[PDB]
> 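Below is one structure. I have some questions about it.
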2 protein chains.
Amino acid sequence: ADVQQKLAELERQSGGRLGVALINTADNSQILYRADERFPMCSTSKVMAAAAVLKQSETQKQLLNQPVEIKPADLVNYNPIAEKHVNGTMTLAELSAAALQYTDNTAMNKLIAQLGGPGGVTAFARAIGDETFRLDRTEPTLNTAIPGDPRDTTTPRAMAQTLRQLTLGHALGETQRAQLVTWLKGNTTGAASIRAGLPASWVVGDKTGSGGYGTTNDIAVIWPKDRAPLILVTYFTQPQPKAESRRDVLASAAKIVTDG
Amino acid sequence: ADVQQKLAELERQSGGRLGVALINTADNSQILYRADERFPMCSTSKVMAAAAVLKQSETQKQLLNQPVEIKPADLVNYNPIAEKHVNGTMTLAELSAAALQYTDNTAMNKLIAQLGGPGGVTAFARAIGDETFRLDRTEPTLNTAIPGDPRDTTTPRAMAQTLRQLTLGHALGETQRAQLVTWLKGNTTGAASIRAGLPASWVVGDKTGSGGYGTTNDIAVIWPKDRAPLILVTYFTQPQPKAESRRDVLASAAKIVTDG
Ligand SMILES: *C(=O)/C=C/NCC(=O)CCO
Ligand SMILES: *C(=O)/C=C/NCC(=O)CCO
């Protein structure tokens, strides 16, 4: 079962462009497909923002408890948690969990503002060795996902390497690494994406993304039953602005790269 | 009408037996398909067990914080949370969250044992006016899903009415209703099931289930964009003992009954 042929056969029937990077931590092996091409991150960028706030919390003792005001003018296009707290507050822990687990776009804008704007998220990426990631705009326009636009993009290779360092390596302090893994494992939005291509016994923490041009993304840490963890990035984007999501493509890509 | 044609077409093309009950709380209207037939509940029974322990906590006010020993011998077939706490303890709140949001089977068995066995779960159903629900076994045998077997079954109509009373009505005290809704909204397993058939802006709390005979279930409380909440039960089972899961059939059924 040649994995490269199978990923090409999936892509050719998909109506889009597929990017895959798998890191198997049992042996540091990698499976790469368009892994050095740039894809729009969409909501998968929320992992870098939440991680940068966790890094801040290593030096600002009570940071995750700090209340942040939510005003009516802050609401954007998808605010399932933040709309409950308008003319009130959410803590930076609650905004981190809302952004990662509920993909709340207002919550992500508060994380970006806590970092000094999109460039502060990029700066944290650079501080942990990621030279590829770039965040350029706030929610919701960071999800436009226009083909060819470098704004708000990374590569599968870079994002897999970064996600390994954040969740399994030492980019964060041990308490903060554990909190990041707890949050990803509590994701509510992932079951139809990478997880749908894996056996029922395997444990996943992930962050999805979706945006214009049918962009459909997932980045995951995987704890397979009786195996060392995997990191898997699956990015997908389509040529028409109003294309439909294709989470099924991501599930198929995950099955192909884990079957062996 | 068209909804009945679409559900019968989904069912026929799937090869299985589909049960649907939708309650629209805007006007108490319903959409029903095989809504009085019995289906194996599988892990959707965890909602009744967690609700029964919430009910106990209305009078045993410290019960959710009670430590429960997790022994190696207590682990069954899918225990993603309990395996991290073997030779230690989890509280009944932690076990309720694990059962509901991670579908942990070891956690469900501790809820059942807290209630004095499967009959305690049934007794709570009867106390809140559900005369249909029955729990007969523990995990994992409650998931055998043998055709014709009435054990560990309910009807879509009965489960939709119960889930309405638990999440939107007064089967529970207000704090316990809110706690059940917070748990369901934090489900990690549901994005391929009812949630996949609904517009992205709608808010869902749900509990999935899976078992023998390709049994694939979901029960959900839904807060549609700008509308009164819905309750939706989708139950699905297949003729072959080893049939694969079909979460796409539940997503298809949800789209059909909410499109109009
Ligand atoms: C992540 O890519 C974006 C997450 N939230 C926005 C939506 O879910 C838009 C649905 O219309
Ligand atoms: C609910 O129906 C069952 C939950 N636990 C079993 C699994 O979902 C995974 C089996 O490996």
Side-chain angles (χ1 to χ4, degrees), chain A residues 17-25 27-59 96 99-100 108-109 111-139 141-173 176-177 180-181 184 194 205-209 211 213 215 217-222 229-237 253 257:
Chain A
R17 180 170 65 103
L18 177 64
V20 181
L22 173 80
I23 303 170
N24 179 350
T25 69
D27 59 7
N28 295 340
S29 63
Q30 297 185 191
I31 298 173
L32 298 179
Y33 188 87
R34 301 194 186 290
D36 295 313
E37 301 185 24
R38 275 177 179 289
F39 291 82
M41 287 182 287
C42 299
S43 285
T44 71
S45 64
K46 293 176 184 181
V47 177
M48 193 72 81
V53 174
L54 282 168
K55 171 59 64 175
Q56 286 178 326
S57 82
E58 299 175 17
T59 59
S96 297
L100 290 177
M108 170 59 154
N109 281 347
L111 302 181
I112 294 170
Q114 168 59 26
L115 298 165
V121 186
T122 307
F124 171 73
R126 293 297 177 275
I128 67 168
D130 188 326
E131 285 291 312
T132 304
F133 174 104
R134 54 184 287 179
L135 200 68
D136 294 276
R137 290 152 316 154
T138 63
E139 296 287 356
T141 65
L142 74 81
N143 309 291
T144 52
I146 298 161
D149 191 344
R151 293 175 296 176
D152 308 301
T153 61
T154 195
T155 68
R157 184 193 305 260
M159 190 66 110
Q161 293 174 153
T162 289
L163 192 63
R164 184 191 187 160
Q165 286 287 31
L166 288 173
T167 59
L168 302 174
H170 297 82
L172 298 177
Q176 290 78 27
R177 177 177 79 181
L180 182 58
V181 162
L184 293 169
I194 286 169
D206 77 302
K207 179 73 198 79
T208 55
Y213 289 84
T215 297
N217 296 338
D218 200 14
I219 70 177
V221 52
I222 302 161
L230 320 171
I231 297 291
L232 180 56
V233 168
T234 62
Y235 286 165
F236 185 69
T237 191
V257 302

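Convention: sequence-line order gives letters A, B, ...; per-chain numbering from 1. Hydrogens, waters and symmetry mates play no part in the numbers below; they use all other heavy atoms, side chains included.
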> Heavy-atom distance under 4.5 Å between the side chains of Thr44(A) and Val233(A), does that happen here?
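Of all side-chain heavy-atom pairs linking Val233(A) with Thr44(A), none is under 4.5 Å.
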> So which pairs with a foot in residues 121-131 of chain A pass side chain to side chain donor-acceptor pair (under 3.5 Å), sequence neighbours left out?
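Every pair satisfying side chain to side chain donor-acceptor pair (under 3.5 Å) with a residue in residues 121-131 of chain A: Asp130(A)-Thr162(A).
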> Side chains of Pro156(A) and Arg34(A): closer than 4.5 Å at any heavy-atom pair?
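A side-chain contact is absent here, since even the closest heavy-atom pair is not under 4.5 Å.
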> Considering residues at least two apart in sequence or located in another chain, which fulfil the side chain to side chain donor-acceptor pair (under 3.5 Å) criterion with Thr59(A)?
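Scan of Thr59(A) (side chain to side chain donor-acceptor pair (under 3.5 Å), adjacent residues dropped) gives none.
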> Indicate yes or no for a side-chain donor-acceptor contact from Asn24(A) to the backbone of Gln30(A) under 3.5 Å, with no hydrogens or angles considered.
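Not a single qualifying donor-acceptor pair exists.
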> Counting C-beta onward and ignoring hydrogens, is there a side-chain heavy-atom pair between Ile23(A) and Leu163(A) closer than 4.5 Å?
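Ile23(A) does not reach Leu163(A) side chain to side chain.
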> CE/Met48(A) to CD1/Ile128(A) distance, rounded to the nearest 0.5 angstrom?
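Taking CE in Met48(A) and CD1 in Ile128(A), the distance rounds to 5.0 Å.
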> Report the distance from atom CD of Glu37(A) to atom OG1 of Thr237(A), rounding to the nearest 0.5 Å.
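Reported value, rounded in 0.5 Å steps: 11.5 Å.
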> Do the side chain of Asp218(A) and the main chain of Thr234(A) share a donor and acceptor less than 3.5 angstrom apart?
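No, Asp218(A) side chain to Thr234(A) backbone: no donor-acceptor pair under 3.5 Å.
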> To the closest 0.5 Å, what do you measure between CD1 (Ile222(A)) and CG (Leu232(A))?
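Here the rounded value is 4.5 Å.
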> Which atom pair, heavy atoms only, marks the closest approach of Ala158(A) to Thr132(A)?
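Here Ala158(A) and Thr132(A) meet closest at CB-CB, 3.4 Å.
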> For the CG atom of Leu230(A) and the OG1 atom of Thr25(A), what is their distance to the nearest 0.5 Å?
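Spacing of CG (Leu230(A)) from OG1 (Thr25(A)) equals 6.5 Å.
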> Can you name the residues that form a side chain to side chain contact (heavy atoms under 4.5 Å, CB included) with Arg177(A), not counting sequence neighbours?
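Listed in chain order: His170(A), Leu172(A), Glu174(A).
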> My understanding is that only residues two or more places apart in sequence, or in another chain, count here; which of them pass side chain to side chain donor-acceptor pair (under 3.5 Å) with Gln56(A)?
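In terms of side chain to side chain donor-acceptor pair (under 3.5 Å), with neighbours along the sequence ignored, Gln56(A) is linked to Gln114(A).
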> When rounded to the nearest 0.5 angstrom, what is the spacing between CG in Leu100(A) and CG in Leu111(A)?
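If we round to the nearest 0.5 Å, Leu100(A):CG and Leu111(A):CG are 7.5 Å apart.
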> Scan residues 157-167 of chain A for pairs that pass salt bridge (charged side-chain N to carboxylate O under 4.0 Å, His left out), counting only residues two or more places apart or in two chains.
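Salt bridge (charged side-chain N to carboxylate O under 4.0 Å, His left out) check on residues 157-167 of chain A returns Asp36(A)-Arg157(A).
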> Let me know which of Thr215(A), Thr155(A), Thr154(A) forms a side-chain contact (heavy atoms from CB on, under 4.5 Å) with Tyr235(A).
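It is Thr154(A), the one option of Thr215(A), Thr155(A), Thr154(A) that forms the side-chain contact (heavy atoms from CB on, under 4.5 Å) with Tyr235(A).
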> Would you say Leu142(A) and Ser45(A) make side-chain contact, with heavy atoms under 4.5 Å?
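When only atoms from C-beta onward are counted, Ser45(A) and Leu142(A) do touch, with a gap below 4.5 Å.
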> List the residues meeting side chain to side chain donor-acceptor pair (under 3.5 Å) with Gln161(A), not counting sequence neighbours, and say none if there are none.
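Result, side chain to side chain donor-acceptor pair (under 3.5 Å) vs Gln161(A): none returned.
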> Would you find a donor on one side and an acceptor on the other, under 3.5 Å apart, between the side chain of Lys55(A) and the backbone of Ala171(A)?
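The answer is yes, because a donor-acceptor pair under 3.5 Å joins these two groups.
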> Search all heavy atoms of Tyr213(A) against all heavy atoms of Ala145(A) and return the closest pair with its distance.
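Taking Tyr213(A) first and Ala145(A) second, the nearest heavy atoms are CD1-O, 3.3 Å.
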> Closer than 3.5 angstrom, by distance alone: can the side chain of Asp152(A) be matched with the main-chain N or O of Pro40(A) as a donor-acceptor pair?
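No.
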> Check for a donor-acceptor pair, side chain of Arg134(A) on one end and backbone N or O of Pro118(A) on the other, with a separation under 3.5 Å.
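Between the backbone of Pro118(A) and the side chain of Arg134(A) there is no qualifying donor-acceptor contact (under 3.5 Å).
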> Shortest non-hydrogen contact from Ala253(A) to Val20(A)?
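Scanning both residues, the minimum pair turns out to be CB-CG2, 4.2 Å.
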> With rounding to the nearest 0.5 Å, note down the distance linking CD1 in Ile194(A) to NZ in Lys207(A).
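Nearest 0.5 Å value for the CD1-NZ distance: 11.5 Å.
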> Ignoring hydrogens, what is the shortest heavy-atom contact between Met108(A) and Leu135(A)? Give both atom names and the distance.
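Smallest heavy-atom distance, with atoms named: CE-CD2, 4.2 Å.
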> Please find the pair of heavy atoms, one from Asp206(A) and one from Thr208(A), that lie closest to each other, and give the distance.
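That would be OD2-CG2, 3.4 Å.
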> Could you check whether any side-chain heavy atom of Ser57(A) comes within less than 4.5 Å of a side-chain heavy atom of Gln176(A), counting everything from C-beta outward?
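A side-chain contact under 4.5 Å exists here.
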